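Q: Sharing work_2.cif, mmCIF, C-alpha atoms:
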data_entry
loop_
_atom_site.group_PDB
_atom_site.id
_atom_site.type_symbol
_atom_site.label_atom_id
_atom_site.label_comp_id
_atom_site.auth_asym_id
_atom_site.auth_seq_id
_atom_site.Cartn_x
_atom_site.Cartn_y
_atom_site.Cartn_z
ATOM 1 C CA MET M 1 266.189 13.860 102.672
ATOM 2 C CA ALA M 2 265.219 10.352 101.569
ATOM 3 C CA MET M 3 267.564 10.546 98.591
ATOM 4 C CA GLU M 4 270.539 11.754 100.591
ATOM 5 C CA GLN M 5 269.941 9.175 103.283
ATOM 6 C CA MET M 6 269.631 6.149 101.017
ATOM 7 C CA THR M 7 272.641 7.458 99.070
ATOM 8 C CA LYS M 8 274.724 7.727 102.229
ATOM 9 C CA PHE M 9 273.600 4.269 103.325
ATOM 10 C CA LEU M 10 274.602 2.718 100.019
ATOM 11 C CA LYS M 11 277.887 4.628 99.951
ATOM 12 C CA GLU M 12 278.976 3.495 103.394
ATOM 13 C CA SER M 13 277.983 -0.149 102.884
ATOM 14 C CA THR M 14 278.552 -1.037 99.225
ATOM 15 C CA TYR M 15 281.429 -0.971 96.744
ATOM 16 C CA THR M 16 281.505 -0.718 92.959
ATOM 17 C CA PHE M 17 283.906 -2.886 90.993
ATOM 18 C CA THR M 18 285.567 -1.713 87.795
ATOM 19 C CA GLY M 19 287.915 -3.157 85.206
ATOM 20 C CA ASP M 20 289.347 -2.091 81.859
ATOM 21 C CA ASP M 21 287.569 0.307 79.506
ATOM 22 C CA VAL M 22 283.853 -0.274 80.103
ATOM 23 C CA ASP M 23 281.157 2.261 79.283
ATOM 24 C CA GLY M 24 280.252 3.760 82.643
ATOM 25 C CA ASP M 25 283.281 2.235 84.437
ATOM 26 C CA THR M 26 281.144 0.016 86.654
ATOM 27 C CA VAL M 27 280.951 -3.780 86.575
ATOM 28 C CA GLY M 28 278.751 -4.967 89.427
ATOM 29 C CA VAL M 29 278.080 -3.715 92.944
ATOM 30 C CA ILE M 30 278.692 -5.881 96.025
ATOM 31 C CA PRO M 31 278.040 -4.865 99.638
ATOM 32 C CA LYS M 32 281.003 -4.333 101.944
ATOM 33 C CA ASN M 33 279.340 -6.835 104.285
ATOM 34 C CA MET M 34 279.583 -9.892 102.021
ATOM 35 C CA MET M 35 283.280 -9.361 101.391
ATOM 36 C CA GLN M 36 284.755 -9.572 104.883
ATOM 37 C CA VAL M 37 287.190 -12.322 105.807
ATOM 38 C CA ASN M 38 287.290 -11.721 109.585
ATOM 39 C CA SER M 39 284.785 -10.567 112.188
ATOM 40 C CA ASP M 40 285.809 -6.901 112.044
ATOM 41 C CA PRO M 41 284.183 -5.051 109.147
ATOM 42 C CA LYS M 42 287.327 -3.247 107.996
ATOM 43 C CA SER M 43 288.491 -6.687 106.848
ATOM 44 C CA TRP M 44 286.232 -6.177 103.821
ATOM 45 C CA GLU M 45 289.186 -4.354 102.276
ATOM 46 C CA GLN M 46 291.248 -7.540 102.402
ATOM 47 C CA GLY M 47 288.381 -9.555 100.962
ATOM 48 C CA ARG M 48 288.310 -7.060 98.112
ATOM 49 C CA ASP M 49 291.853 -7.800 96.953
ATOM 50 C CA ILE M 50 291.181 -11.507 96.377
ATOM 51 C CA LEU M 51 288.275 -10.637 94.096
ATOM 52 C CA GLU M 52 290.354 -8.215 92.051
ATOM 53 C CA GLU M 53 292.956 -10.981 91.855
ATOM 54 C CA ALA M 54 290.293 -13.581 91.054
ATOM 55 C CA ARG M 55 288.448 -11.656 88.342
ATOM 56 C CA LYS M 56 291.700 -10.825 86.568
ATOM 57 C CA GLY M 57 292.798 -14.399 87.210
ATOM 58 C CA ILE M 58 289.732 -15.553 85.304
ATOM 59 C CA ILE M 59 290.325 -13.100 82.450
ATOM 60 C CA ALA M 60 293.893 -14.382 82.190
ATOM 61 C CA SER M 61 292.458 -17.908 81.801
ATOM 62 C CA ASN M 62 289.234 -17.222 79.841
ATOM 63 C CA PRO M 63 290.287 -14.698 77.177
ATOM 64 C CA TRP M 64 287.836 -15.851 74.505
ATOM 65 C CA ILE M 65 285.094 -13.699 76.042
ATOM 66 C CA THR M 66 283.298 -11.035 74.007
ATOM 67 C CA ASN M 67 285.395 -8.390 75.706
ATOM 68 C CA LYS M 68 288.104 -9.408 78.092
ATOM 69 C CA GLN M 69 285.493 -8.452 80.668
ATOM 70 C CA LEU M 70 283.199 -10.234 83.126
ATOM 71 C CA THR M 71 280.350 -9.027 85.331
ATOM 72 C CA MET M 72 279.726 -9.208 89.061
ATOM 73 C CA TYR M 73 276.727 -9.924 91.250
ATOM 74 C CA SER M 74 275.973 -10.952 94.821
ATOM 75 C CA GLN M 75 272.652 -12.722 95.380
ATOM 76 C CA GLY M 76 272.052 -14.099 98.841
ATOM 77 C CA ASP M 77 275.377 -15.265 100.228
ATOM 78 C CA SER M 78 277.516 -15.552 97.104
ATOM 79 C CA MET B 1 239.570 28.517 99.315
ATOM 80 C CA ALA B 2 240.048 24.810 100.015
ATOM 81 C CA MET B 3 243.820 25.162 99.775
ATOM 82 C CA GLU B 4 244.023 28.142 102.094
ATOM 83 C CA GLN B 5 241.704 26.520 104.593
ATOM 84 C CA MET B 6 243.471 23.171 104.814
ATOM 85 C CA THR B 7 246.780 25.070 104.948
ATOM 86 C CA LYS B 8 245.581 27.203 107.848
ATOM 87 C CA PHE B 9 244.238 24.126 109.623
ATOM 88 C CA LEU B 10 247.542 22.302 109.304
ATOM 89 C CA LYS B 11 249.513 25.392 110.309
ATOM 90 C CA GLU B 12 247.563 25.981 113.497
ATOM 91 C CA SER B 13 247.570 22.328 114.582
ATOM 92 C CA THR B 14 250.841 20.752 113.433
ATOM 93 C CA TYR B 15 254.561 21.391 113.870
ATOM 94 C CA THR B 16 257.555 20.504 111.714
ATOM 95 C CA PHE B 17 260.714 19.212 113.353
ATOM 96 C CA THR B 18 264.173 19.999 112.022
ATOM 97 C CA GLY B 19 267.743 19.102 112.889
ATOM 98 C CA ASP B 20 271.184 19.650 111.390
ATOM 99 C CA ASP B 21 271.777 20.126 107.666
ATOM 100 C CA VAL B 22 269.044 18.105 105.949
ATOM 101 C CA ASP B 23 267.860 18.731 102.403
ATOM 102 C CA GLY B 24 264.578 20.572 102.843
ATOM 103 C CA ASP B 25 265.143 21.234 106.578
ATOM 104 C CA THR B 26 262.221 19.060 107.644
ATOM 105 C CA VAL B 27 262.396 15.777 109.555
ATOM 106 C CA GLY B 28 258.875 14.626 110.362
ATOM 107 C CA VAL B 29 255.630 16.416 111.171
ATOM 108 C CA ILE B 30 253.731 15.813 114.425
ATOM 109 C CA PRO B 31 250.436 17.443 115.426
ATOM 110 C CA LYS B 32 250.433 19.946 118.276
ATOM 111 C CA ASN B 33 247.725 17.791 119.865
ATOM 112 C CA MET B 34 249.836 14.673 120.456
ATOM 113 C CA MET B 35 252.586 16.634 122.169
ATOM 114 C CA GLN B 36 250.780 18.185 125.127
ATOM 115 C CA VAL B 37 251.734 17.288 128.680
ATOM 116 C CA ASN B 38 248.802 18.969 130.477
ATOM 117 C CA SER B 39 245.142 19.557 129.675
ATOM 118 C CA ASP B 40 245.664 23.046 128.241
ATOM 119 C CA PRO B 41 246.810 22.973 124.617
ATOM 120 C CA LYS B 42 249.548 25.586 124.998
ATOM 121 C CA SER B 43 251.378 22.906 126.993
ATOM 122 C CA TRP B 44 252.317 21.382 123.629
ATOM 123 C CA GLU B 45 255.243 23.804 123.664
ATOM 124 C CA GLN B 46 256.619 22.134 126.785
ATOM 125 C CA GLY B 47 256.095 18.697 125.280
ATOM 126 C CA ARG B 48 258.127 19.893 122.316
ATOM 127 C CA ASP B 49 261.274 20.563 124.338
ATOM 128 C CA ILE B 50 261.536 16.985 125.625
ATOM 129 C CA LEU B 51 261.467 15.687 122.059
ATOM 130 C CA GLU B 52 264.207 18.055 120.939
ATOM 131 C CA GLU B 53 266.142 16.889 123.997
ATOM 132 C CA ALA B 54 265.279 13.249 123.291
ATOM 133 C CA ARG B 55 266.141 13.190 119.587
ATOM 134 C CA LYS B 56 269.494 14.855 120.230
ATOM 135 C CA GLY B 57 269.890 12.569 123.232
ATOM 136 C CA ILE B 58 269.554 9.619 120.876
ATOM 137 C CA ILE B 59 272.004 11.086 118.355
ATOM 138 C CA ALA B 60 274.497 11.585 121.180
ATOM 139 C CA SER B 61 274.129 7.862 121.985
ATOM 140 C CA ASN B 62 273.623 6.359 118.493
ATOM 141 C CA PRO B 63 276.206 8.154 116.328
ATOM 142 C CA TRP B 64 276.850 5.259 113.944
ATOM 143 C CA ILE B 65 273.817 6.251 111.865
ATOM 144 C CA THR B 66 274.133 7.037 108.156
ATOM 145 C CA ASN B 67 273.939 10.722 108.968
ATOM 146 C CA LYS B 68 273.813 11.838 112.547
ATOM 147 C CA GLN B 69 270.120 12.202 111.771
ATOM 148 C CA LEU B 70 266.885 10.392 112.630
ATOM 149 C CA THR B 71 263.321 10.746 111.364
ATOM 150 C CA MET B 72 260.026 11.425 113.102
ATOM 151 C CA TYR B 73 256.499 10.100 112.783
ATOM 152 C CA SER B 74 253.300 9.964 114.815
ATOM 153 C CA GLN B 75 250.914 7.120 113.978
ATOM 154 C CA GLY B 76 247.919 6.730 116.239
ATOM 155 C CA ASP B 77 248.965 7.707 119.744
ATOM 156 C CA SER B 78 252.752 7.518 119.555
ATOM 157 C CA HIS C 1 221.363 -55.329 119.766
ATOM 158 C CA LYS C 2 224.842 -53.877 120.110
ATOM 159 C CA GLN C 3 225.382 -50.304 118.975
ATOM 160 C CA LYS C 4 227.681 -50.408 115.942
ATOM 161 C CA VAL C 5 229.080 -46.907 116.572
ATOM 162 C CA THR C 6 232.025 -46.410 118.907
ATOM 163 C CA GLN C 7 233.083 -43.230 120.689
ATOM 164 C CA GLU C 8 236.483 -43.848 119.060
ATOM 165 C CA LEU C 9 237.274 -40.847 116.900
ATOM 166 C CA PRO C 10 239.394 -40.387 113.774
ATOM 167 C CA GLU C 11 242.732 -38.624 114.020
ATOM 168 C CA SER C 12 244.276 -35.980 111.775
ATOM 169 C CA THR C 13 247.774 -34.613 112.253
ATOM 170 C CA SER C 14 249.404 -31.295 111.487
ATOM 171 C CA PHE C 15 251.824 -30.817 108.591
ATOM 172 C CA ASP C 16 254.550 -29.863 111.056
ATOM 173 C CA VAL C 17 257.799 -29.723 109.082
ATOM 174 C CA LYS C 18 260.799 -27.931 110.558
ATOM 175 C CA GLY C 19 263.602 -26.990 108.209
ATOM 176 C CA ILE C 20 266.511 -24.744 109.169
ATOM 177 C CA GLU C 21 266.152 -21.518 111.117
ATOM 178 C CA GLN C 22 267.427 -18.241 109.712
ATOM 179 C CA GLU C 23 270.279 -16.082 110.926
ATOM 180 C CA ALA C 24 269.124 -12.961 112.732
ATOM 181 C CA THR C 25 269.419 -9.509 111.187
ATOM 182 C CA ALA C 26 273.178 -8.999 111.150
ATOM 183 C CA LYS C 27 274.264 -5.588 112.332
ATOM 184 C CA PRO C 28 274.429 -2.715 109.840
ATOM 185 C CA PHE C 29 277.919 -2.159 108.468
ATOM 186 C CA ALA C 30 277.983 1.282 110.085
ATOM 187 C CA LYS C 31 277.135 -0.049 113.549
ATOM 188 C CA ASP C 32 279.462 -2.988 112.940
ATOM 189 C CA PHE C 33 282.375 -0.593 112.460
ATOM 190 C CA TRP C 34 281.218 1.419 115.456
ATOM 191 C CA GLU C 35 281.265 -1.099 118.299
ATOM 192 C CA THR C 36 284.378 -2.739 116.817
ATOM 193 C CA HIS C 37 286.590 0.304 116.105
ATOM 194 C CA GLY C 38 285.009 2.837 118.478
ATOM 195 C CA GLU C 39 284.562 5.484 115.789
ATOM 196 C CA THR C 40 282.085 5.917 112.961
ATOM 197 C CA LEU C 41 282.797 5.579 109.248
ATOM 198 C CA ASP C 42 283.021 9.332 108.666
ATOM 199 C CA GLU C 43 285.582 9.713 111.455
ATOM 200 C CA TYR C 44 287.697 6.931 109.938
ATOM 201 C CA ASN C 45 287.970 8.391 106.429
ATOM 202 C CA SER C 46 288.996 11.845 107.688
ATOM 203 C CA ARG C 47 292.510 10.447 108.209
#
For this file, write the structure as structure tokens.
A:
Amino acid sequence: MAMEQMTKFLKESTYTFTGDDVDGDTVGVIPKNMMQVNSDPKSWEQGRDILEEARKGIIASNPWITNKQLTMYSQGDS
Amino acid sequence: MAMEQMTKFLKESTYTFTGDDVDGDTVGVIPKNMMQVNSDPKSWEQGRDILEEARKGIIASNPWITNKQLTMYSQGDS
Amino acid sequence: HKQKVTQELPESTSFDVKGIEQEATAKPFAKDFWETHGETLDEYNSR
């Protein structure tokens, strides 16, 4: 039961990011709590779009990277 | 013999709780000693009902949980 | 002769430094959605 319960908790509260072809199609994991833009938690969805427009926006400005591919990480409040 | 004897001791004196679909159909284990409501030990049965009415009663009031599912635990006298 | 020892005592002080208090444990995202949209997360994705 512990596995299913921690899995459900992470599934309801987190969100994996993904980009172009990357082995395992996962680039970072941020909680759906640190991505809101309003007081209601559904607003996380809106806060998601900006990031997918920001990450791409960085790739379109910093192409010299190893792959045209960044990472993602949320420590504390950032 | 040690295995059969500790198994018999735990079987006569404890009681597993269970709820809705949970992997392994076991949510906590409380001794049949900490659930009495009278001085005679059979009364544990009565003290069981309240808990099964309390746990559900909590689920019917706190539905936002990961699963509609709590745990159970008896440390000391509680 | 005057006693060259006064009842006046030495004084030490506590290292009392106050920084910035922490925010309380913000509600879980499941309960957040609950008391804001009246229905749990499972009942919102079934639509």
Q: Each residue of chain C lying at most 10 Å from chain M should get a row with its shortest atom-to-atom pair and the distance in Å to one decimal, counting only C-alpha atoms; could you produce that, ordered by chain and increasing number, as a Markdown table?
A:
| residue | atom | partner | partner_atom | distance |
| --- | --- | --- | --- | --- |
| C:26 | CA | M:33 | CA | 9.5 |
| C:27 | CA | M:33 | CA | 9.6 |
| C:28 | CA | M:13 | CA | 8.2 |
| C:29 | CA | M:13 | CA | 5.9 |
| C:30 | CA | M:12 | CA | 7.1 |
| C:31 | CA | M:41 | CA | 9.7 |
| C:32 | CA | M:41 | CA | 6.4 |
| C:33 | CA | M:41 | CA | 5.8 |
| C:34 | CA | M:41 | CA | 9.5 |
| C:35 | CA | M:40 | CA | 9.7 |
| C:36 | CA | M:40 | CA | 6.5 |
| C:37 | CA | M:40 | CA | 8.3 |
| C:41 | CA | M:12 | CA | 7.3 |
| C:42 | CA | M:12 | CA | 8.8 |
Q: Would you kindly return, as JSON, numbers by chain, each protein, DNA or RNA residue with an atom no farther than 12 Å from any atom of residue M:49, considering only C-alpha atoms and excluding same-chain residues fewer than 5 positions away?
A: {"M": [17, 35, 36, 37, 43, 44, 54, 55, 56, 57]}
Q: Could you write out as a JSON list (two decimals) with C-alpha atoms, keeping the file's coordinate frame the residues that the PyMOL selection byres ((chain B) within 7 of (chain M)) matches in the shown file?
A:
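The resulting file, out-v9.json, is reproduced below:
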[["chain", "number", "residue", "atom", "x", "y", "z"],
["B", 22, "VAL", "CA", 269.04, 18.10, 105.95],
["B", 23, "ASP", "CA", 267.86, 18.73, 102.40],
["B", 24, "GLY", "CA", 264.58, 20.57, 102.84],
["B", 66, "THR", "CA", 274.13, 7.04, 108.16]]
Q: Could you put an axis-aligned box around every listed atom of stretch 13-18 of chain C, padded by 3 Å on each side, and send me its centre and edge lengths in Å to one decimal, as JSON?
A:
{"center_x": 254.3, "center_y": -31.3, "center_z": 110.4, "size_x": 19.0, "size_y": 12.7, "size_z": 9.7}
Q: So how many Å separate atom CA of residue B:61 and atom CA of residue B:47, to one decimal?
A: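 Computing it gives 21.3 Å between the two atoms.
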Q: Would you mind aligning chain M to chain B, a least-squares fit over all C-alpha atoms taken in order, and returning the superposed chain as a tab-separated table (two decimals) with C-alpha atoms, in the frame of the given file?
A:
chain	number	residue	atom	x	y	z
M	1	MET	CA	239.57	28.52	99.31
M	2	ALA	CA	240.05	24.81	100.02
M	3	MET	CA	243.82	25.16	99.77
M	4	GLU	CA	244.02	28.14	102.09
M	5	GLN	CA	241.70	26.52	104.59
M	6	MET	CA	243.47	23.17	104.81
M	7	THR	CA	246.78	25.07	104.95
M	8	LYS	CA	245.58	27.20	107.85
M	9	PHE	CA	244.24	24.13	109.62
M	10	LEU	CA	247.54	22.30	109.30
M	11	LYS	CA	249.51	25.39	110.31
M	12	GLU	CA	247.56	25.98	113.50
M	13	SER	CA	247.57	22.33	114.58
M	14	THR	CA	250.84	20.75	113.43
M	15	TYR	CA	254.56	21.39	113.87
M	16	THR	CA	257.55	20.50	111.71
M	17	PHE	CA	260.71	19.21	113.35
M	18	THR	CA	264.17	20.00	112.02
M	19	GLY	CA	267.74	19.10	112.89
M	20	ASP	CA	271.18	19.65	111.39
M	21	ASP	CA	271.78	20.13	107.67
M	22	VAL	CA	269.04	18.10	105.95
M	23	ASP	CA	267.86	18.73	102.40
M	24	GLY	CA	264.58	20.57	102.84
M	25	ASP	CA	265.14	21.23	106.58
M	26	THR	CA	262.22	19.06	107.64
M	27	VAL	CA	262.40	15.78	109.55
M	28	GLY	CA	258.87	14.63	110.36
M	29	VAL	CA	255.63	16.42	111.17
M	30	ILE	CA	253.73	15.81	114.42
M	31	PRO	CA	250.44	17.44	115.43
M	32	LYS	CA	250.43	19.95	118.27
M	33	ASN	CA	247.73	17.79	119.86
M	34	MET	CA	249.84	14.67	120.46
M	35	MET	CA	252.59	16.63	122.17
M	36	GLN	CA	250.78	18.18	125.13
M	37	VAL	CA	251.73	17.29	128.68
M	38	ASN	CA	248.80	18.97	130.48
M	39	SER	CA	245.14	19.56	129.67
M	40	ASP	CA	245.66	23.05	128.24
M	41	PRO	CA	246.81	22.97	124.62
M	42	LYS	CA	249.55	25.59	125.00
M	43	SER	CA	251.38	22.91	126.99
M	44	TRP	CA	252.32	21.38	123.63
M	45	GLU	CA	255.24	23.80	123.66
M	46	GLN	CA	256.62	22.13	126.78
M	47	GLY	CA	256.09	18.70	125.28
M	48	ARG	CA	258.13	19.89	122.32
M	49	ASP	CA	261.27	20.56	124.34
M	50	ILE	CA	261.54	16.99	125.62
M	51	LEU	CA	261.47	15.69	122.06
M	52	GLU	CA	264.21	18.06	120.94
M	53	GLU	CA	266.14	16.89	124.00
M	54	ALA	CA	265.28	13.25	123.29
M	55	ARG	CA	266.14	13.19	119.59
M	56	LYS	CA	269.49	14.85	120.23
M	57	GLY	CA	269.89	12.57	123.23
M	58	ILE	CA	269.55	9.62	120.88
M	59	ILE	CA	272.00	11.09	118.35
M	60	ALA	CA	274.50	11.58	121.18
M	61	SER	CA	274.13	7.86	121.98
M	62	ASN	CA	273.62	6.36	118.49
M	63	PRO	CA	276.21	8.15	116.33
M	64	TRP	CA	276.85	5.26	113.94
M	65	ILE	CA	273.82	6.25	111.86
M	66	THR	CA	274.13	7.04	108.16
M	67	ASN	CA	273.94	10.72	108.97
M	68	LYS	CA	273.81	11.84	112.55
M	69	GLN	CA	270.12	12.20	111.77
M	70	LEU	CA	266.89	10.39	112.63
M	71	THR	CA	263.32	10.75	111.36
M	72	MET	CA	260.03	11.43	113.10
M	73	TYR	CA	256.50	10.10	112.78
M	74	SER	CA	253.30	9.96	114.81
M	75	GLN	CA	250.91	7.12	113.98
M	76	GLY	CA	247.92	6.73	116.24
M	77	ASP	CA	248.96	7.71	119.74
M	78	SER	CA	252.75	7.52	119.56
Q: Could you please determine the separation between atom CA of residue B:18 and atom CA of residue B:67 in Å, to one decimal place?
A: 13.8 Å
Q: Any chance you could resolve the PyMOL selection byres ((chain M and resi 27) around 8) against this file and give the residues as an mmCIF file with C-alpha atoms, keeping the file's coordinate frame?
A:
data_model
loop_
_atom_site.group_PDB
_atom_site.id
_atom_site.type_symbol
_atom_site.label_atom_id
_atom_site.label_comp_id
_atom_site.auth_asym_id
_atom_site.auth_seq_id
_atom_site.Cartn_x
_atom_site.Cartn_y
_atom_site.Cartn_z
ATOM 1 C CA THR M 16 281.505 -0.718 92.959
ATOM 2 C CA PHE M 17 283.906 -2.886 90.993
ATOM 3 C CA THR M 18 285.567 -1.713 87.795
ATOM 4 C CA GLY M 19 287.915 -3.157 85.206
ATOM 5 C CA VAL M 22 283.853 -0.274 80.103
ATOM 6 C CA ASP M 25 283.281 2.235 84.437
ATOM 7 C CA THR M 26 281.144 0.016 86.654
ATOM 8 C CA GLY M 28 278.751 -4.967 89.427
ATOM 9 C CA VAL M 29 278.080 -3.715 92.944
ATOM 10 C CA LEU M 70 283.199 -10.234 83.126
ATOM 11 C CA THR M 71 280.350 -9.027 85.331
ATOM 12 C CA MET M 72 279.726 -9.208 89.061
#
Q: Using only C-alpha atoms, list the residues that have an atom at most 12 Å from (273.6, -14.0, 100.7), coordinates as in the file, as a compact mmCIF listing (two decimals) with C-alpha atoms, in the frame of the given file.
A:
# COMPACT_ATOMS: atom_id res chain seq x y z
CA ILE M 30 278.69 -5.88 96.02
CA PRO M 31 278.04 -4.86 99.64
CA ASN M 33 279.34 -6.84 104.28
CA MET M 34 279.58 -9.89 102.02
CA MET M 35 283.28 -9.36 101.39
CA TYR M 73 276.73 -9.92 91.25
CA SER M 74 275.97 -10.95 94.82
CA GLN M 75 272.65 -12.72 95.38
CA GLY M 76 272.05 -14.10 98.84
CA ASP M 77 275.38 -15.26 100.23
CA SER M 78 277.52 -15.55 97.10
CA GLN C 22 267.43 -18.24 109.71
CA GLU C 23 270.28 -16.08 110.93
CA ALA C 26 273.18 -9.00 111.15
Q: Figure out the distance between atom CA of residue C:43 and atom CA of residue B:50, please, to one decimal in Å.
A: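 Atom CA of residue C:43 lies at a distance of 28.8 Å from atom CA of residue B:50.
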Q: Since the input is missing atoms, can you rebuild N, CA and C atoms for stretch 44-63 of chain M and write them as a PDB file, keeping the file's coordinate frame?
A:
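See result-v2.pdb below for the written result:
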ATOM      1  N   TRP M  44     286.766  -6.182 105.180  1.00  0.00           N
ATOM      2  CA  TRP M  44     286.232  -6.177 103.821  1.00  0.00           C
ATOM      3  C   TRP M  44     287.300  -5.781 102.819  1.00  0.00           C
ATOM      4  N   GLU M  45     288.133  -4.801 103.177  1.00  0.00           N
ATOM      5  CA  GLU M  45     289.186  -4.354 102.276  1.00  0.00           C
ATOM      6  C   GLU M  45     290.030  -5.529 101.814  1.00  0.00           C
ATOM      7  N   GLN M  46     290.474  -6.359 102.759  1.00  0.00           N
ATOM      8  CA  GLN M  46     291.248  -7.540 102.402  1.00  0.00           C
ATOM      9  C   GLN M  46     290.458  -8.439 101.463  1.00  0.00           C
ATOM     10  N   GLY M  47     289.206  -8.727 101.815  1.00  0.00           N
ATOM     11  CA  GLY M  47     288.381  -9.555 100.962  1.00  0.00           C
ATOM     12  C   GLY M  47     288.174  -8.969  99.588  1.00  0.00           C
ATOM     13  N   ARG M  48     288.411  -7.667  99.432  1.00  0.00           N
ATOM     14  CA  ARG M  48     288.310  -7.060  98.112  1.00  0.00           C
ATOM     15  C   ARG M  48     289.461  -7.503  97.223  1.00  0.00           C
ATOM     16  N   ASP M  49     290.680  -7.508  97.766  1.00  0.00           N
ATOM     17  CA  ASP M  49     291.853  -7.800  96.953  1.00  0.00           C
ATOM     18  C   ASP M  49     291.702  -9.129  96.229  1.00  0.00           C
ATOM     19  N   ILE M  50     291.355 -10.185  96.971  1.00  0.00           N
ATOM     20  CA  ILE M  50     291.181 -11.507  96.377  1.00  0.00           C
ATOM     21  C   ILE M  50     290.316 -11.421  95.134  1.00  0.00           C
ATOM     22  N   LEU M  51     289.189 -10.711  95.232  1.00  0.00           N
ATOM     23  CA  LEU M  51     288.275 -10.637  94.096  1.00  0.00           C
ATOM     24  C   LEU M  51     288.947  -9.975  92.904  1.00  0.00           C
ATOM     25  N   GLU M  52     289.636  -8.858  93.139  1.00  0.00           N
ATOM     26  CA  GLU M  52     290.354  -8.215  92.051  1.00  0.00           C
ATOM     27  C   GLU M  52     291.501  -9.072  91.541  1.00  0.00           C
ATOM     28  N   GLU M  53     292.003 -10.000  92.352  1.00  0.00           N
ATOM     29  CA  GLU M  53     292.956 -10.981  91.855  1.00  0.00           C
ATOM     30  C   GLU M  53     292.270 -12.187  91.239  1.00  0.00           C
ATOM     31  N   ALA M  54     291.023 -12.459  91.626  1.00  0.00           N
ATOM     32  CA  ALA M  54     290.293 -13.581  91.054  1.00  0.00           C
ATOM     33  C   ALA M  54     289.727 -13.220  89.693  1.00  0.00           C
ATOM     34  N   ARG M  55     289.032 -12.083  89.608  1.00  0.00           N
ATOM     35  CA  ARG M  55     288.448 -11.656  88.342  1.00  0.00           C
ATOM     36  C   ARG M  55     289.503 -11.589  87.248  1.00  0.00           C
ATOM     37  N   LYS M  56     290.575 -10.831  87.492  1.00  0.00           N
ATOM     38  CA  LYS M  56     291.700 -10.825  86.568  1.00  0.00           C
ATOM     39  C   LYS M  56     292.198 -12.236  86.312  1.00  0.00           C
ATOM     40  N   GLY M  57     292.345 -13.029  87.376  1.00  0.00           N
ATOM     41  CA  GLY M  57     292.798 -14.399  87.210  1.00  0.00           C
ATOM     42  C   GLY M  57     291.910 -15.211  86.293  1.00  0.00           C
ATOM     43  N   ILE M  58     290.619 -14.882  86.242  1.00  0.00           N
ATOM     44  CA  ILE M  58     289.732 -15.553  85.304  1.00  0.00           C
ATOM     45  C   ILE M  58     289.945 -15.013  83.899  1.00  0.00           C
ATOM     46  N   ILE M  59     290.113 -13.694  83.768  1.00  0.00           N
ATOM     47  CA  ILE M  59     290.325 -13.100  82.450  1.00  0.00           C
ATOM     48  C   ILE M  59     291.614 -13.620  81.837  1.00  0.00           C
ATOM     49  N   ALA M  60     292.637 -13.827  82.665  1.00  0.00           N
ATOM     50  CA  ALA M  60     293.893 -14.382  82.190  1.00  0.00           C
ATOM     51  C   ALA M  60     293.785 -15.857  81.832  1.00  0.00           C
ATOM     52  N   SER M  61     292.682 -16.519  82.183  1.00  0.00           N
ATOM     53  CA  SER M  61     292.458 -17.908  81.801  1.00  0.00           C
ATOM     54  C   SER M  61     291.333 -18.088  80.801  1.00  0.00           C
ATOM     55  N   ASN M  62     290.354 -17.182  80.778  1.00  0.00           N
ATOM     56  CA  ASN M  62     289.234 -17.222  79.841  1.00  0.00           C
ATOM     57  C   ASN M  62     289.282 -15.970  78.979  1.00  0.00           C
ATOM     58  N   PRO M  63     290.205 -15.892  78.018  1.00  0.00           N
ATOM     59  CA  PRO M  63     290.287 -14.698  77.177  1.00  0.00           C
ATOM     60  C   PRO M  63     289.303 -14.672  76.025  1.00  0.00           C
TER      61      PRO M  63
END
